[PDB]
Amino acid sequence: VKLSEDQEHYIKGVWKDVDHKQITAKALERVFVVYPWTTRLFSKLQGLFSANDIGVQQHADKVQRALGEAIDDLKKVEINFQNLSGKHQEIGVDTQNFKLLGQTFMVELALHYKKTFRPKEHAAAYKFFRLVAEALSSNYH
């Protein structure tokens, strides 16, 4: 997956505009509800899957930080995520779940931007989350 220069600029602008932890928490709640099987390794949540629930807020903080590291250097994401990728395999995460979160994240972006989230913007966001999913899946052996 490769992002064009204008696509990189679009994603950098979005990260400057949205509340990092909160939009990620909303995306997480959405993935847990729409695709229930993604809650497999989250029994510690005790059935509390709302964006404002403490457990979801804590995981959202972890995910948003990593997303920021990806956005700070979009050209070396795979290199920078090698250890994080290996860690996910150790934890036991199914790589398909990464693609599902990308889909719920795009719905949250749509709810935030509404009409300004036109086809071009949508395509840029889709590609970014594909790059992230690919980087996170690369160190699985």
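Each residue number is its position in the shown sequence, starting from 1.
If you average the C-alpha B-factors over 102-110 and over 84-92, the higher value belongs to 84-92.
The PDB entry reports B-factors from which the mean C-alpha value can be compared for 59-67 and 28-36; the larger average falls on 59-67. Ranked against the other modelled residues of its chain, the C-alpha B-factor of residue 9 as given in the entry falls in the middle third.
The entry lists a Cα temperature factor for residue 52 that places it in the highest third of the chain's modelled residues. Looking at the C-alpha B-factors along this chain, the one for residue 15 belongs to the highest third. Residue-level temperature factors show residue 120 in the middle third of its chain, judged at the C-alpha atom.
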